[PDB]
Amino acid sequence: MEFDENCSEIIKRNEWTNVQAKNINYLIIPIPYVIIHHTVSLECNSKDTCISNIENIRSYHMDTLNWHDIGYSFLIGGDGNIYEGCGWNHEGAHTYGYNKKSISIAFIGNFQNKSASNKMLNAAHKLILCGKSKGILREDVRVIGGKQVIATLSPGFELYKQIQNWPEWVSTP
């Protein structure tokens, strides 16, 4: 139900930055895949620190790397909040070969050698249900870690084992 399936809680892009995307291309909806990543960036434990961290990721992607936008669709802070990156509708830059057919959910931190907190996992899982509930994600949406489709250890081994508990996780893309 809506307590589990409504994400009005998502911190929108304009709440963390004043810089719009330089270019937008729209994802085909419904979307067939969700890719779970970690950011390998400094962790954040409060809304204020998560806002700063995500602004720095955006600045790095857009200004340093000259990308069209922050590369991740959504980000999960250690505060347990969901932050809109490029969002449900805009093609990201996170997973080679998958950017046009997925959103990414990026857990802020490095989860190779430590688990994500309960509040982080629960936020990401609620986001997936919200997408399904809205018809944004396919009813049979396939959740995978980045490491299942590209040459990466993302979302980190510890977090990977955690997402494997999710019923929407698939062993093969």
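Sequential numbering from 1, following the sequence displayed.
Higher average CA B factor: 18 to 26, of the stretches 18 to 26 and 150 to 158. Stretches compared: 30 to 38, 56 to 64. Higher mean C-alpha B-factor in the entry: 56 to 64.
When the modelled residues of the chain are ordered by their C-alpha B factor, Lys134 lands in the middle third. Per the deposited record, the Cα B-factor of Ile128 falls in the lowest third when ranked against the other modelled residues of its chain. Looking at the C-alpha B-factors along this chain, the one for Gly97 belongs to the middle third. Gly85 sits in the middle third of its chain by CA B factor, as recorded in the PDB entry.
Sort the chain's modelled residues by C-alpha temperature factor and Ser46 lands in the highest third, per the entry.
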